[PDB]
Protein chains: 2
Amino acid sequence: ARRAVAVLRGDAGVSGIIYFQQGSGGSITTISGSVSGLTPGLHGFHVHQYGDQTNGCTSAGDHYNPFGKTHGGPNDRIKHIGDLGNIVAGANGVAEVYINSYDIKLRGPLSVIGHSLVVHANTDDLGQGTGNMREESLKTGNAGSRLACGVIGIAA
Amino acid sequence: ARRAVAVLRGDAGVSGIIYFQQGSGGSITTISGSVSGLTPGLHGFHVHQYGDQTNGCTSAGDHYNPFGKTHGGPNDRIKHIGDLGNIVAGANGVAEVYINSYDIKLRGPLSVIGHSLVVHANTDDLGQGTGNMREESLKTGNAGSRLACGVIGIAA
Ligand SMILES: [Cl-]
Ligand SMILES: [Cl-]
Ligand SMILES: [Cu+2]
Ligand SMILES: [Cu+2]
Ligand SMILES: [Zn+2]
Ligand SMILES: [Zn+2]
């Protein structure tokens, strides 16, 4: 059994606290918490490669992708491990987050501990972009700027 | 080969950036960087248990101590893994940090990635406290309040 947490901060009035809990036997990880200060609507939500905040959320690098796949949604068989889709901010700017995952781990070589969790300005198109949007869709989901981020740390 | 970084922040005018670099073959880890805003003199420097910033540096918990030992200095055979002794702030409030360690790892079950690095207000007595000071000495080194902290994250 394991627990982690990311405290999201940034330069855009967005903040939050997101917990990760992985069950004994490590099959399922529950990601939950809340994010405030968001424009109402859908916001892209990803675990990024680096837990490096020396350049704000920019130094977090690209999406966490240990298996070298294209970008997708969290339910997709082909996705980045760090792809957590969209969270939904209500009219009051608060998104309550609740995601169950078989792919997000807190133990082992694929652990997301030490990586950054990042919330974005726009909707993640889940790798469904078409036309000239498709290149960036299959890389990042076209979710726009990084509004807040935090390093995923071990929690009690 | 691996690299990590902690960006130290807090409520005391203290900040800094500390890098960790572990060589291929993972025997030696070099910890280096700088911390500013410090009172001149010696400041305790530890990796703590949790990378949890929900309650500032308080939620970092106690020292990282996977082998269940007493507190000591970094050169001691009996110490907490997270015990990094004192860093030294000059008259200008800046401490330049350079520490080599066989005990601090960036890979494996003892990795410090995901834990918090913490700089303290006072000198770490390295577990050498005597009299009524000895109980807290062998726990924390009596280094006083937590001035700044950051979660140790993966770096490029
Ligand atoms: Cl489970
Ligand atoms: Cl080495
Ligand atoms: Cu992203
Ligand atoms: Cu400490
Ligand atoms: Zn992705
Ligand atoms: Zn200690």
# chains A, B, ... in the order shown; residues from 1 in each chain; ligands from 1
>>> residues_near_ligand(ligand="ligand 2", cutoff="6 Å", atoms="only C-alpha atoms and all ligand atoms", output="PyMOL selection string")
chain B and resi 23-28
>>> residues_near_ligand(ligand="ligand 4", cutoff="7 Å", atoms="only C-alpha atoms and all ligand atoms", output="list in words")
residues 44, 45, 46, 47, 48, 62, 63, 118, 119, 120, 140, 143 and 146 of chain B
>>> write_last_selection(atoms="C-alpha atoms", output="CSV table (one decimal), in the first residue's frame")
chain,number,residue,atom,x,y,z
B,44,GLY,CA,21.1,21.6,9.3
B,45,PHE,CA,20.4,19.8,6.0
B,46,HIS,CA,18.3,16.7,5.7
B,47,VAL,CA,16.3,14.5,3.5
B,48,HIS,CA,12.9,14.0,5.3
B,62,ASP,CA,10.9,13.1,10.3
B,63,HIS,CA,14.2,12.3,8.7
B,118,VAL,CA,14.8,20.5,4.1
B,119,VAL,CA,17.1,23.3,5.4
B,120,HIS,CA,17.0,24.3,9.0
B,140,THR,CA,16.8,15.4,14.7
B,143,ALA,CA,18.6,21.9,14.1
B,146,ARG,CA,12.4,24.2,8.9
>>> closest_residue(among="B:85, B:68, B:153, B:127", to="chain A", atoms="only C-alpha atoms")
B:153
>>> interface_residues(of="chain B", to="chain A", cutoff="12 Å", atoms="only C-alpha atoms", output="short mmCIF file (atom, residue, chain, number, x, y, z; two decimals) with C-alpha atoms, in the first residue's frame")
data_model
loop_
_atom_site.label_atom_id
_atom_site.label_comp_id
_atom_site.auth_asym_id
_atom_site.auth_seq_id
_atom_site.Cartn_x
_atom_site.Cartn_y
_atom_site.Cartn_z
CA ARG B 2 20.50 9.75 -12.89
CA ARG B 3 19.76 13.36 -12.02
CA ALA B 4 17.35 14.92 -9.52
CA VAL B 5 16.66 18.40 -8.22
CA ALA B 6 14.98 20.10 -5.30
CA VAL B 7 13.77 23.66 -5.50
CA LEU B 8 13.75 24.94 -1.93
CA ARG B 9 11.06 27.43 -0.92
CA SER B 15 15.32 29.60 -1.22
CA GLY B 16 17.63 27.58 -3.37
CA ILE B 17 18.23 24.90 -5.96
CA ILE B 18 19.97 21.66 -5.13
CA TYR B 19 20.96 19.04 -7.72
CA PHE B 20 21.66 15.37 -7.19
CA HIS B 48 12.94 13.97 5.26
CA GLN B 49 10.49 11.09 5.01
CA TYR B 50 7.69 12.64 3.00
CA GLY B 51 7.49 14.74 -0.12
CA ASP B 52 4.25 16.21 1.23
CA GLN B 53 3.89 20.00 1.16
CA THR B 54 0.26 20.20 2.19
CA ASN B 55 1.37 21.71 5.54
CA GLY B 56 4.45 23.58 4.33
CA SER B 59 4.28 17.64 6.51
CA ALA B 60 7.70 16.40 5.39
CA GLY B 61 7.72 14.26 8.54
CA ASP B 62 10.87 13.08 10.27
CA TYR B 64 14.39 9.66 6.01
CA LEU B 106 18.50 8.17 -6.94
CA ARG B 107 17.65 4.61 -7.98
CA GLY B 108 16.14 1.66 -6.20
CA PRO B 109 14.06 1.23 -3.01
CA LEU B 110 16.25 3.66 -1.06
CA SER B 111 15.91 6.44 -3.66
CA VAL B 112 15.54 9.93 -2.22
CA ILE B 113 13.37 10.89 -5.20
CA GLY B 114 9.91 11.81 -3.91
CA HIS B 115 11.20 12.78 -0.48
CA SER B 116 11.64 16.38 0.73
CA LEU B 117 14.98 18.16 1.17
CA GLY B 150 11.38 21.08 -1.74
CA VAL B 151 10.37 17.70 -3.08
CA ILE B 152 13.26 15.87 -4.75
CA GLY B 153 12.13 15.40 -8.34
CA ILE B 154 13.55 13.67 -11.38
CA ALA B 155 15.64 15.94 -13.60
CA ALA B 156 16.85 15.58 -17.19
#
>>> residues_near_ligand(ligand="ligand 6", cutoff="8 Å", atoms="only C-alpha atoms and all ligand atoms", output="VMD selection string")
chain B and resid 46 62 to 65 70 to 73 79 to 83 126 138 to 141
>>> write_last_selection(atoms="N, CA, C and O atoms", output="JSON list (two decimals), in the first residue's frame")
[["chain", "number", "residue", "atom", "x", "y", "z"],
["B", 46, "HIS", "N", 18.74, 18.06, 5.67],
["B", 46, "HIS", "CA", 18.28, 16.68, 5.74],
["B", 46, "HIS", "C", 17.32, 16.33, 4.64],
["B", 46, "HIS", "O", 16.52, 17.16, 4.24],
["B", 62, "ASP", "N", 9.56, 13.18, 9.65],
["B", 62, "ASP", "CA", 10.87, 13.08, 10.27],
["B", 62, "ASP", "C", 11.96, 12.80, 9.25],
["B", 62, "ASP", "O", 11.76, 12.90, 8.06],
["B", 63, "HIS", "N", 13.18, 12.50, 9.71],
["B", 63, "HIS", "CA", 14.25, 12.27, 8.75],
["B", 63, "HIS", "C", 14.03, 10.95, 8.02],
["B", 63, "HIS", "O", 13.54, 10.00, 8.62],
["B", 64, "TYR", "N", 14.45, 10.89, 6.77],
["B", 64, "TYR", "CA", 14.39, 9.66, 6.01],
["B", 64, "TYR", "C", 15.34, 8.64, 6.64],
["B", 64, "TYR", "O", 16.55, 8.87, 6.68],
["B", 65, "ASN", "N", 14.78, 7.52, 7.10],
["B", 65, "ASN", "CA", 15.50, 6.57, 7.94],
["B", 65, "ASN", "C", 15.05, 5.13, 7.72],
["B", 65, "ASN", "O", 14.53, 4.49, 8.65],
["B", 70, "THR", "N", 19.74, 5.74, 14.62],
["B", 70, "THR", "CA", 19.74, 7.04, 15.27],
["B", 70, "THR", "C", 20.33, 8.10, 14.35],
["B", 70, "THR", "O", 21.04, 7.80, 13.38],
["B", 71, "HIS", "N", 20.03, 9.34, 14.66],
["B", 71, "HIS", "CA", 20.54, 10.48, 13.93],
["B", 71, "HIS", "C", 22.06, 10.59, 14.07],
["B", 71, "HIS", "O", 22.60, 10.35, 15.15],
["B", 72, "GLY", "N", 22.73, 10.94, 12.99],
["B", 72, "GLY", "CA", 24.15, 11.24, 13.01],
["B", 72, "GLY", "C", 24.54, 12.23, 11.95],
["B", 72, "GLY", "O", 23.69, 12.95, 11.42],
["B", 73, "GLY", "N", 25.84, 12.30, 11.68],
["B", 73, "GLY", "CA", 26.36, 13.09, 10.57],
["B", 73, "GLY", "C", 26.52, 12.24, 9.34],
["B", 73, "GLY", "O", 26.54, 11.03, 9.40],
["B", 79, "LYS", "N", 23.63, 6.40, 11.09],
["B", 79, "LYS", "CA", 22.98, 7.66, 10.83],
["B", 79, "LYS", "C", 21.65, 7.36, 10.16],
["B", 79, "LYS", "O", 21.40, 6.23, 9.76],
["B", 80, "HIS", "N", 20.81, 8.38, 10.00],
["B", 80, "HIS", "CA", 19.70, 8.29, 9.06],
["B", 80, "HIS", "C", 20.24, 8.45, 7.65],
["B", 80, "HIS", "O", 21.14, 9.26, 7.40],
["B", 81, "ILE", "N", 19.71, 7.71, 6.68],
["B", 81, "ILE", "CA", 20.12, 7.93, 5.30],
["B", 81, "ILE", "C", 20.01, 9.40, 4.88],
["B", 81, "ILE", "O", 20.87, 9.91, 4.16],
["B", 82, "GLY", "N", 18.97, 10.08, 5.34],
["B", 82, "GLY", "CA", 18.75, 11.47, 4.98],
["B", 82, "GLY", "C", 19.63, 12.50, 5.66],
["B", 82, "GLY", "O", 19.48, 13.70, 5.42],
["B", 83, "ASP", "N", 20.55, 12.06, 6.51],
["B", 83, "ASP", "CA", 21.36, 12.99, 7.29],
["B", 83, "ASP", "C", 22.49, 13.57, 6.44],
["B", 83, "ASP", "O", 23.43, 12.87, 6.10],
["B", 126, "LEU", "N", 24.71, 16.75, 14.85],
["B", 126, "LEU", "CA", 25.19, 15.48, 14.33],
["B", 126, "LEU", "C", 25.05, 14.32, 15.31],
["B", 126, "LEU", "O", 25.76, 13.31, 15.21],
["B", 138, "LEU", "N", 19.60, 12.71, 19.03],
["B", 138, "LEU", "CA", 19.62, 11.42, 18.35],
["B", 138, "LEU", "C", 18.39, 11.21, 17.48],
["B", 138, "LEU", "O", 18.29, 10.20, 16.81],
["B", 139, "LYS", "N", 17.47, 12.16, 17.52],
["B", 139, "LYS", "CA", 16.30, 12.15, 16.63],
["B", 139, "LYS", "C", 16.48, 13.10, 15.45],
["B", 139, "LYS", "O", 16.30, 12.72, 14.29],
["B", 140, "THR", "N", 16.82, 14.35, 15.75],
["B", 140, "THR", "CA", 16.84, 15.41, 14.73],
["B", 140, "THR", "C", 18.12, 16.22, 14.63],
["B", 140, "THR", "O", 18.24, 17.05, 13.74],
["B", 141, "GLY", "N", 19.04, 16.05, 15.57],
["B", 141, "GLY", "CA", 20.22, 16.90, 15.59],
["B", 141, "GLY", "C", 19.99, 18.30, 16.16],
["B", 141, "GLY", "O", 20.86, 19.16, 16.11]]
>>> closest_residue(among="B:130, B:75, B:92, B:123", to="residue 36 in chain B", atoms="only C-alpha atoms")
B:92
>>> atom_distance(atom1="CA of residue 105 in chain B", atom2="CA of residue 31 in chain A")
27.3 Å
>>> select_by_dssp(residues="chain A", states="strand (DSSP E or B)", output="MDAnalysis selection string")
chainID A and resid 2:9 15:22 29:36 41:48 54:57 63 83:89 95:101 105 111 116:120 146:151 153:155
>>> select_by_dssp(residues="chain B", states="alpha helix (DSSP H)", output="VMD selection string")
chain B and resid 134 to 140
>>> atom_distance(atom1="CA of residue 95 in chain B", atom2="CA of residue 129 in chain B")
24.1 Å
>>> closest_residue(among="A:149, A:57, A:88, A:22", to="residue 102 in chain A", atoms="only C-alpha atoms")
A:22
>>> closest_residue(among="A:121, A:35, A:133, A:12", to="ligand 3", atoms="only C-alpha atoms and all ligand atoms")
A:121
